[PDB]
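Chain by chain, the residues run as shown.
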Amino acid sequence: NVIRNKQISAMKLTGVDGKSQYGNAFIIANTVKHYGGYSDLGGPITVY
Amino acid sequence: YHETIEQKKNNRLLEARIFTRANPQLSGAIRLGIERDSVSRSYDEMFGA
């Protein structure tokens, strides 16, 4: 689903200081869908 | 000559591999099983859209 492809891969990114992000506390959207625009890109998926 | 032809074949496969996953048509319930390769990102950072 949406949770897998984007929300995990956002956490997989290294931090601005570097690195890992593993073991950190996140806050993520429960469900995400496409609203609109010129095209349906991969879509900005945000993880805090 | 053989190495030149083999380079031509491999580059053709690499271009086809990138376009297959980049196809907007596969979004898509099949999108659930599509992963972006590391070579794909290098291509996109180079050739843009």
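Residues numbered from 1 in each chain as written, not as in the entry; some residues may be left out. Chains lettered and ligands numbered in written order. Part of a larger assembly, values for the part shown. Heavy atoms only, no water.

- Method of determination, as annotated in the archive: X-ray crystallography, at 3.10 Å resolution.

- The name given to chain B in the PDB entry is XptA2, with Xenorhabdus nematophila as the source organism.
- Per the PDB record, the entry is named "XptA2 wild type".

- In the nomenclature of the PDB entry, chain A corresponds to XptA2 from the organism Xenorhabdus nematophila.

1. Quick notes on the layout of surface pockets
- In this structure, the largest pocket encloses a volume near 1,700 Å³.
- Contributing to the lining of the largest pocket are 42 residues, with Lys6(A), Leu41(A), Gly42(A), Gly43(A) and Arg31(B) lying nearest its centre.
- Those elements giving two or more residues to the lining of the largest pocket turn out to be α1 (2-12) of chain A together with α1 (2-22) and α2 (38-47) of chain B.
- Tallying contributions element by element places α1(A) first for the lining of the largest pocket, with 8 residues.
- Partitioned by chemical class, the residues of the lining of the largest pocket number 19 nonpolar, 12 polar and 11 charged. (1 Å grid on protein atoms, 1.4 Å probe; cavity = no way out; pocket = protein on both sides within 12 Å on 5 of 7 lines; lining within 4 Å. Points joined across faces, edges and corners; volume = space filled by probe spheres on them. Helix = DSSP H or I, 4+ residues; strand = E, 2+ residues; numbered from the N terminus. Nonpolar A, V, L, I, M, F, W, Y, C, P; charged D, E, K, R; others polar.)

2. Side note on the environment of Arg21(B)
All names here are of chain B.
- Following the sequence through the fold, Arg 21 ends up in helix α1.
- You can call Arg 21 partly exposed: its relative accessible area is 36%.
- In the structure, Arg 21 is positioned 27 residues away from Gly 48 in sequence and 15 Å away in space, judged by C-alpha atoms.
- Not counting residues within four places of it along the chain, the set of residues in contact with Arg 21 comprises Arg 31, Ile 34, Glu 35 and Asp 37.
- At a separation of 3.3 Å, a polar atom in the side chain of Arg 21 contacts the main-chain carbonyl oxygen of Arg 17. (Buried < 20%, exposed > 50% of the residue type's maximum accessible area, 1.4 Å probe, protein only. Contact = heavy atoms within 4.5 Å. Polar contact = N/O pair within 3.5 Å; in protein donor to acceptor, adjacent residues only side chain to side chain.)

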